[PDB]
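Novice: requesting a structural model of the entry that follows:
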Amino acid sequence: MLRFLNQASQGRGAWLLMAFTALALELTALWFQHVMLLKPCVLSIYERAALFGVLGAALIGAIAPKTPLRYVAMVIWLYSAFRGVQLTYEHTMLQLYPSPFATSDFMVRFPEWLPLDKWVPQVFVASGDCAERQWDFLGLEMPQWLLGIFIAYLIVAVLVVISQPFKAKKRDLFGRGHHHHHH
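Specialist: Numbering: from 1, shown residues only. Here you go:
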């Protein structure tokens with residue numbers, strides 16, 4: 001049952017399986033555009049960073065999910081959990097509620113202090129309109145589906161994180177007070 005989940009998850013094979021899954025979607029997709037001659041957008045590229053970043057999180061996390069490393073790897077998993085989900089919303093709202101500013105659509109704005117984009121414009125430079133539909137499943141745009149996965153991934157980490165032995169009665173001090181006010 002649940003206990004087993006912690007067993008299968010605490011295994012590397014399982015972790016490696018999570019990577020191939022997120023990758024399989026990127027590859028199988030990288031082919032659709034290669035033939036469908038599809039072009040990425042500003043947001044699309046940004047969203048790719050949210051997951052692409054997580055993928056890297058699964059590579060380092062699968063190093064030893066039995067040590068405090070959890071907080072270390074989940075740091076990226078969670079970052080995408082709240083932000084990834086919150087962002088995925090902007091796409092949905094705008095998609096069903098188109099009303100942008102003047103011409104905010106001005107390529108990707110990033111500080112020249114991070115050659116991550118300058119030294120690598122290949123997977124950063126945007127080209128095309130954002131929110132446009134070029135391919136859908138069951139009558140749903142990819143962005144909508146991909147979001148479906150984001151939720152799934154958000155659950156495996158939140159559940160696998162809490163699956164930790166937890167318990168422990170010690171826990172000396174935890175959280176500041178400061179609420180006595182003043183006369």
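Novice: contacts, neighbours, all on C-alpha from now
Specialist: OK.
Novice: for the helix with the most length in the chain, packing partners?
Specialist: Taking DSSP state H as the criterion, the chain has its longest helix at helix 69-96. The criterion is 3 or more CA pairs under 8 Å, 6 or more residues apart in numbering; DSSP states H and E, and the helices and strands that helix 69-96 contacts are helix 42-61, helix 142-162.
Novice: just those: most buried one?
Specialist: Here the criterion is mean neighbour count by mean count of other CA atoms under 10 Å, and of the helices and strands packed on helix 69-96 the winner is helix 42-61, at a mean of 18.
Novice: pretty sure residue 26 is in a strand, no?
Specialist: No - under the criterion used here (DSSP: H, G, I helix; E, B strand; the rest coil), residue 26 is helix, not part of a strand.
Novice: measure it to residue 156 for me?
Specialist: Here the distance between residue 26 and residue 156 works out to 20 Å (CA to CA, to the nearest Å).
Novice: kindly report the same for residue 84.
Specialist: With distances defined as CA to CA, the gap from residue 84 to residue 156 amounts to 15 Å.
Novice: got it, and residue 125?
Specialist: Residue 125 sits at a distance of 31 Å from residue 156 (criterion: CA to CA).
Novice: pretty sure residue 80 contacts residue 50?
Specialist: Yes - counting by CA atoms under 8 Å, a contact exists between residue 80 and residue 50, whose distance comes to 5.9 Å.
Novice: which one is residue 72 nearest to, not counting chain neighbours?
Specialist: The spatial neighbour of residue 72 that comes closest, neighbours along the chain excluded (CA to CA, 6 or more residues apart in numbering), is residue 61 at 7.9 Å.
Novice: and residue 112, what does it touch?
Specialist: Counting by CA atoms under 8 Å, 6 or more residues apart in numbering, residue 112 touches residue 118.
Novice: again, but for residue 58
Specialist: Residues counted as contacts of residue 58 (CA under 8 Å, 6+ apart) are 15, 16, 18, 19, 73.
Novice: how far does stretch 28-45 sit from the chain's center?
Specialist: 18 Å (CA atoms, centre = their mean, to the nearest Å).
Novice: in it, which residues are buried?
Specialist: For stretch 28-45, burial by neighbour count (16 or more other CA atoms under 10 Å) applies to 40, 41, 42, 43, 44, 45.
Novice: ok, those residues vs residue 148, which is closest?
Specialist: Nearest to residue 148 among the buried residues of stretch 28-45, counting by CA to CA, is residue 44 at 15.4 Å.
Novice: which SS class is the residue nearest to the closest one when sequence neighbours are not counted?
Specialist: Taking CA to CA, 6+ apart, and ignoring the residues beside it in sequence, residue 44 has residue 130 as its nearest neighbour in space, at 7.2 Å. In three-state terms, and counting by three-state DSSP, residue 130 is coil.
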